[PDB]
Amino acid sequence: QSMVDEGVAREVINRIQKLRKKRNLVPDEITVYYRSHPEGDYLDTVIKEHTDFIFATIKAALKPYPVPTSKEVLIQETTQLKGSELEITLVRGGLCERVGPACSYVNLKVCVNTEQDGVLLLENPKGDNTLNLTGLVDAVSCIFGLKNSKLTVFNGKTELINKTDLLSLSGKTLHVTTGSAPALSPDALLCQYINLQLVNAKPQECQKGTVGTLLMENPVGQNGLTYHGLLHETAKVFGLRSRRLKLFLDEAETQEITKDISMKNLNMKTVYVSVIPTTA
């Protein structure tokens, strides 16, 4: 009967590519979302077990519902198959693989006057503008709103020195206090973040790297990055403030990040940065 279920899986497969032919789409990075309404019933079982097979012959990915609020629906069909109702939606571009921060960072617990959490990128773009302990203190002072008031940085229980190589502590959590080592170091970044990959052009302002990272908040819960801010900050990272930029969710450059994106959607995704000529 596995050849019976494979023949039903082939009927879903055939259903999908007929939809590809409806939108004049020619193998075009796309994604296929599906819902077999009588949940867990026959047709939903078939499609899940055979998802590798379906993926192999329809060279696009195969995820279930719901479609992301961000993606533009190419088509949406509902038909019937072996006593289930079967919704197919095709959407532009491939998927959105979440990745770790590209630049060396440091989680920050700042106990002066309450506890504040945040992150400090130690370089931006990757390979440039690497941070000093003195640079770190200044950056902590601006972002967190502190004066250089006996500001002491503790790696765990050691106190750091103008010689400590900050980059070698890239995953760690540091403590900013007023001169008194703490007690009591998370793993995940305490702040939402995005990675940036420059694709079209090379960084300016003597910057050098083509990959960067933007926190979306600092300290945690403060200073929510806006869409227009993302455009400006992207430009600042690579030294492209004069240039007109387009941000894309794929490297194919088909899911363009738009002013009505939801910023939380972007978290941990790599944003692709494209420089276009300034025309009118």
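All residue numbers are counted from 1 along the displayed sequence.
In this entry, residue 27 and residue 28 are separated by 1 to 3 residues of the deposited sequence that lack coordinates. The mean Cα B-factor in the deposited entry runs higher for 93 to 101 than for the other of 197 to 205 and 93 to 101. Of the two segments, 6 to 14 and 268 to 276, the one listed with the higher mean B-factor is 6 to 14 (C-alpha atoms only). For the set 239, 224, 40, 212, the PDB entry assigns the largest Cα B-factor to 40. Of the candidates 113, 141, 130, 173, the one whose C-alpha carries the top B factor in the deposited record is 113. Ranked within its chain, residue 145 lands in the lowest third, by CA B factor from the PDB record.
The PDB entry assigns residue 71 a C-alpha temperature factor belonging to the highest third of its chain's modelled residues.
Among the modelled residues of the chain, residue 124 sits in the lowest third by CA temperature factor in this PDB entry. Per-chain ranking of the deposited C-alpha B factor places residue 234 in the lowest third. Looking at the C-alpha B-factors along this chain, the one for residue 218 belongs to the lowest third.
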